[PDB]
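Novice: One structure, as structure tokens, below. Some questions next.
Protein chains: 2
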Amino acid sequence: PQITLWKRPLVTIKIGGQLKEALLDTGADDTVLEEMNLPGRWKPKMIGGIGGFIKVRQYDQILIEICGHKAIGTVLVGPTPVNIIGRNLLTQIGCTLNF
Amino acid sequence: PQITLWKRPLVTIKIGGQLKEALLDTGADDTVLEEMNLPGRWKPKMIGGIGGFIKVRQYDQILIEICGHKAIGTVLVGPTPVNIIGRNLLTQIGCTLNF
Ligand SMILES: CCC(CC)CN(C[C@@H](O)[C@H](Cc1ccccc1)NC(=O)O[C@H]1CO[C@H]2OCC[C@H]21)S(=O)(=O)c1ccc(OC)cc1
């Protein structure tokens, strides 16, 4: 689809068999989701945003479906203010900016 | 143009007579620029993201040229690590997400 930006670009995602709402965030290198239980191993990492750095759990090679488009990649889980889909997954679904 | 997301979507902008590099950021409600001494009146504001909040100065009706596309709206200035073009201006240059 072509998504205009007068509203937040929010979409439904499916991860770990659960549906959630997430923000398509071209300003994020990485995908960061709010606290949740994910299966598999994870390593502690740190990521920085506009307000500083936070501790996150890094899950590698996680299956995640975005508007019916499948992606498999790194998902960070931690105290982000909102679920964000970053470029590591936006590229996998073929997302581009156009103007 | 069409901008892929393999790398950060940085573009050249013109504001207050200065050329800068800024992120085309669908996840940013508003436009946030690195510290700079703009003239005119402002009002204080706080914006939050990963890591918490930062204090910024809100200037209204600021002209920004984004890849030759003119836009005028609210611009926040503060200790951001990156220049961020948000949805308030992205809509004005006809920017959409597409996948
Ligand atoms: C609340 C949604 C989201 C933060 C979750 C909003 N951000 C825009 C993002 O695109 C920032 C924009 C951003 C980019 C780079 C440095 C600081 C901020 N990117 C970001 O935080 O990404 C992180 C996750 O991937 C990593 O790659 C970038 C940093 C990591 S923001 O910078 O904090 C922000 C921008 C405008 C605004 O106006 C109301 C309010 C908040």
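In order, the protein sequences belong to chains A and B. The first sequence runs 1 to 99 under PDB author numbering. The second sequence runs 1 to 99 under PDB author numbering. Even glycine gets a Cβ: it sits at the ideal position worked out from N, Cα and C.
#1: Buried or exposed: where does B:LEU89 fall if 16 or more other Cβ atoms within 10 Å of its Cβ makes it buried?
#2: Strictly under 8 Å for the Cβ-Cβ distance: is A:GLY40 near chain B by that measure?
#3: Leaving aside the five residues before and after B:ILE3 along the sequence, list all residues of the same chain whose C-beta is less than 8 Å from its C-beta, in chain order.
#4: Within the present structure, is the beta-carbon of A:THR91 separated from the nearest heavy atom of ligand 1 by less than 7 Å?
#5: Assuming B:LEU5 is part of the alpha helix (DSSP H), what are its boundary residues?
#6: Look at the alpha carbon of B:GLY52 and the alpha carbon of B:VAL77, and state the distance between them as a whole number of angstroms.
#7: Comparing C-alpha positions only, which one of B:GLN58, B:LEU33, B:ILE54, B:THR31 sits nearest to B:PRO44?
#8: Report the three-state DSSP secondary structure of A:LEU89 (helix, strand or coil).
#9: Apart from the five residues on each side of it in sequence, which residues of its chain come closer than 7 Å, Cβ to Cβ, to B:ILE93?
#10: Is B:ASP60 helix, strand or coil when you go by DSSP?
#11: Just reading off the beta strand (DSSP E) that A:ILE50 is part of, what are its end residues?
#12: Within its chain, find whatever has a CB closer than 8 Å to the CB of A:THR74; leave out the 5 residues flanking it on each side and keep chain order.
#13: Does the CB of A:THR74 have a neighbour CB from chain B at under 8 Å?
#14: Counting only Cβ pairs nearer than 7 Å, list the residues of chain A close to B:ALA28.
#15: Is B:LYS14 closer than 8 Å to B:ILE47 when the C-beta atoms are compared?
#16: Can you tell me whether A:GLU34 is helix, strand or coil according to DSSP?
Specialist: Based on what the coordinates show:
#1: In the second sequence, the residue the question calls residue 89 of chain B occupies position 89. In this structure B:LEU89 is buried. Its beta-carbon is surrounded by 16 or more other beta-carbon atoms within 10 angstroms.
#2: By one-based count along the first sequence, residue 40 of chain A stands at place 40. The C-beta of A:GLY40 comes no closer than 8 Å to any C-beta of chain B.
#3: On the second sequence, residue 3 of chain B is found 3 positions in, with the first residue counted as 1. Closer than 8 Å at the Cβ level, and outside the excluded window around B:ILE3, lie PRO9, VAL11, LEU24.
#4: Your numbering for residue 91 of chain A matches position 91 in the first sequence. Ligand 1 has no heavy atom closer than 7 Å to the beta-carbon of A:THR91.
#5: For this step, residue 5 of chain B is matched to residue 5 along the second sequence. If you look at B:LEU5, you'll find it isn't in any alpha helix (DSSP H); DSSP assigns it neither H nor E.
#6: The residue you call residue 52 of chain B lines up with position 52 of the second sequence. The residue you call residue 77 of chain B lines up with position 77 of the second sequence. Between the C-alpha atoms of B:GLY52 and B:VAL77 there is a straight-line separation of about 17 Å.
#7: Along the second sequence, read from residue 1 onward, the residue named residue 44 of chain B stands at position 44. Among B:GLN58, B:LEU33, B:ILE54, B:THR31, the Cα nearest to that of B:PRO44 is on B:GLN58.
#8: Walking along the first sequence from the start, residue 89 of chain A turns up at place 89. Note: A:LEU89 maps to helix in three-state DSSP.
#9: Start at 1 with the first residue of the second sequence, and residue 93 of chain B comes out as number 93. Once the five neighbours on either side are set aside, the close Cβ partners of B:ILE93 are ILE66, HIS69, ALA71.
#10: Working through the second sequence from its first residue, we reach residue 60 of chain B at position 60. DSSP places B:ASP60 in the strand class (E or B) of the three-state scheme.
#11: The residue labelled residue 50 of chain A in the question sits at position 50 within the first sequence. It is not in any beta strand (DSSP E) - A:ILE50 carries neither H nor E in the DSSP assignment.
#12: Start at 1 with the first residue of the first sequence, and residue 74 of chain A comes out as number 74. Same-chain partners within the cutoff: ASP30, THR31, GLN58, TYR59, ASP60, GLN61, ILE62, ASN88.
#13: The residue you call residue 74 of chain A lines up with position 74 of the first sequence. Contact with chain B is absent for A:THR74, since none of that chain's Cβ atoms lies less than 8 Å from the residue's Cβ.
#14: Within the second sequence, the letter at position 28 stands for residue 28 of chain B. Per Cβ cutoff of 7 Å: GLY27.
#15: For the purposes of this step, residue 47 of chain B is identified with residue 47 of the second sequence, where counting begins at 1. For the purposes of this step, residue 14 of chain B is identified with residue 14 of the second sequence, where counting begins at 1. No Cβ-Cβ contact shorter than 8 Å links B:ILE47 with B:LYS14.
#16: As a position in the first sequence, residue 34 of chain A is number 34, starting the count at 1. A:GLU34 falls in the coil class under three-state DSSP.
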